[PDB]
Participant: 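Input: one structure, supplied below.
As a basis for the values below, the full set of heavy atoms in this structure was taken, side chains included, without hydrogen atoms, waters or symmetry mates. As the structure lists them, so they are numbered: ligands from 1, and atoms in each ligand from 1. Position 1 is the first residue of the sequence; numbering continues from there.
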Amino acid sequence: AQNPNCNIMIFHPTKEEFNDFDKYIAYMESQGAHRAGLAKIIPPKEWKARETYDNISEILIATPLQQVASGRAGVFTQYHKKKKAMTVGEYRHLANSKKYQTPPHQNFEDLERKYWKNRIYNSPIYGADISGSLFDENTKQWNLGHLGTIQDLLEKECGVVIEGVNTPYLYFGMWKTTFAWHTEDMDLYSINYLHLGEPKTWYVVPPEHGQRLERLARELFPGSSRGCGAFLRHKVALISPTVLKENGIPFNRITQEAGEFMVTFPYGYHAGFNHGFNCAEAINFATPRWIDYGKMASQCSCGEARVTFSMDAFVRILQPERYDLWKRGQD
Ligand SMILES: O=C(O)CNC(=O)C(=O)O
Ligand SMILES: [Mg+2]
Ligand code: NI
Ligand SMILES: [Zn+2]
């Protein structure tokens with residue numbers, strides 16, 4: 001069995017290997033990359049996402065989100081308070097302001113220590129989940145707006161034609177902006193490209209050990225767990241690496257820098273934070289190996305999770321027994 005310790009693997013494809021996206025995902029899995037839940041892919045030196053980032057300031061962040069924490073430094077939830085619209089140029093200036101800027105630090109490890117010590121005492125503002133793309137239309141390799149769609153994959157594997165669409169999302173971050181512990185919708189893969197700016201630190205639990213994280217979360221968030229049998233679908237809970245280690249939960253960590261891709265694998269729980277002003281692009285995708293994870297994905301039916309239109313068909317076809325309850329939680 002390849003990668004039996006479930007280490008995060010880093011790949012350096014050549015320009016020739018960068019042509020066929022599906023083939024390269026299958027290659028990484030042949031080497032055991034999925035066992036970690038997360039892999040890094042460093043593009044060949046010949047590749048670029050677009051020519052420059054000099055002309056992005058007029059993108060609108062319609063609903064910036066202030067991420068307010070509750071709890072203790074290593075075990076907390078966050079809620080998202082909506083703020084007034086602002087442009088990317090306005091948001092960048094805000095991120096660089098004395099109130100929000102990255103503090104002085106020695107290295108990524110010192111910054112990680114400061115994040116976990118101090119995150120709860122501040123409320124950073126995140127431009128998340130903005131439909132759009134920063135890949136040039138002429139970028140033919142690993143262009144996250146030109147991937148094969150999940151509806152086409154389901155149709156190819158299972159023969160059923162379904163409605164829905166699959167488009168990318170932009171994320172504008174600042175110091176301490178935080179992504180809570182989650183797997184993807186329907187336990188899909190994700191791919192994330194860090195277009196510019198400061199790094200993103202990731203934490204990940206191997207898919208084969210995801211239920212260990214779920215059991216700890218039920219212990220640590222006991223009211224939330226009574227409210228919903230899949231409350232991590234709400235994407236609000238944080239647990240630090242120190243708490244994970246104290247409770248014996250297997251995990252790994254890695255820092256993504258600008259110009260790098262990350263892939264999350266089906267049922268790979270992940271969480272993390274941004275180091276300073278940055279912009280990432282991400283999208284969900286599927287492969288044939290995903291189908292069995294999709295069929296077994298947990299679902300929130302309490303009303304909190306609310307998701308896109310396009311997830312309807314996935315539940316309806318893959319999980320018909322669960323469909324009626326889940327759809328009620330969507331309405
Ligand atoms: O970058 C973020 O805030 C969160 N991204 C992801 O969870 C992802 O790409 O799967
Ligand atoms: Mg612009
Ligand atoms: Ni994710
Ligand atoms: Zn729920």
Participant: By the definition salt bridge (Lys or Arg N to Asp or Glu O under 4.0 Å), identify the one residue from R35, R289, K23 that meets it with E29.
Facilitator: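 Only one option passes, and that is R289.
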
Participant: On a heavy-atom basis, which atom in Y100 and which in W175 lie closest, and how many Å separate them?
Facilitator: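 Looking at all heavy atoms of both residues, the closest pair is O-CB, 3.5 Å.
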
Participant: If you apply the rule side chain to side chain donor-acceptor pair (under 3.5 Å), what do you find for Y115 with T178, and how did you get there?
Facilitator: CA-CA 10 Å; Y115 174 86; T178 302; 2.7 Å; yes

Participant: Run the contact test for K200 against ligand 1 with a 4.0 Å cut-off on heavy atoms, strictly below, and give the result.
Facilitator: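 Right, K200 reaches ligand 1.
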
Participant: Assess whether side chain to side chain donor-acceptor pair (under 3.5 Å) is satisfied between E184 and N284, documenting all intermediate values.
Facilitator: CA-CA 8 Å; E184 304 302 306; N284 298 117; 2.9 Å; yes

Participant: With the Ni ion (ligand 3) at the centre, find the angle made by NE2 from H270 and NE2 from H182, to 10°.
Facilitator: 90°

Participant: Please confirm whether the ring centroid of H195 lies under 6.0 Å from the ring centroid of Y53.
Facilitator: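 Aromatic pair counts; centres sit under 6.0 Å.
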
Participant: Any atoms of ligand 1 less than 4.0 Å from a non-hydrogen atom of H182? List them with their elements.
Facilitator: 7 (O)

Participant: In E184, which N, O or S atom comes closest to the Ni ion (ligand 3)?
Facilitator: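 The nearest such atom is OE2.
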
Participant: Specify the protein heavy atom at minimum distance from atom 6 (C) of ligand 1: its residue, its atom name, and the distance to 0.1 Å.
Facilitator: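 It is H270 NE2, 3.9 Å.
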
Participant: Determine, considering heavy atoms only, which of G173, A280, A282, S190 sits nearest to atom 10 (O) of ligand 1.
Facilitator: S190

Participant: Which residue owns the protein heavy atom closest to atom 5 (N) of ligand 1, what's the atom, and how far is it?
Facilitator: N192 ND2, 3.6 Å

Participant: Which residue and non-hydrogen atom of the protein lie closest to atom 3 (O) of ligand 1, and at what distance in Å?
Facilitator: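 Of every protein heavy atom, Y126 OH, 2.6 Å lies nearest to atom 3 (O) of ligand 1.
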
Participant: For ligand 1, which atoms sit closer than 4.0 Å to a heavy atom of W202?
Facilitator: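 What qualifies from ligand 1 is 8 (C), 9 (O).
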
Participant: Which angle, to 10 degrees, forms at the Zn ion (ligand 4) with SG of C300 on one side and SG of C302 on the other?
Facilitator: 110°

Participant: Pick whichever of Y189, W181, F172, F179 has a heavy atom sitting closest to atom 4 (C) of ligand 1.
Facilitator: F179

Participant: With respect to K40, which candidate in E260, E257, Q256 satisfies the side-chain hydrogen bond (donor to acceptor under 3.5 Å, both in side chains) definition?
Facilitator: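 The residue from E260, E257, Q256 that satisfies side-chain hydrogen bond (donor to acceptor under 3.5 Å, both in side chains) with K40 turns out to be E260.
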
Participant: Out of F261, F135, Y193, which one pairs with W142 under the side-chain contact (heavy atoms from CB on, under 4.5 Å) rule?
Facilitator: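 Exactly one option meets the side-chain contact (heavy atoms from CB on, under 4.5 Å) with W142, and it is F261.
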
Participant: What residue pairs, at least two apart or across chains, pass ring-ring contact (aromatic ring centres under 6.0 Å, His included) with a residue in residues 274-297?
Facilitator: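 Every ring-ring contact (aromatic ring centres under 6.0 Å, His included) pair that includes a residue of residues 274-297, provided the two are not neighbours, is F21-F285, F108-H275, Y189-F285, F273-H275.
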
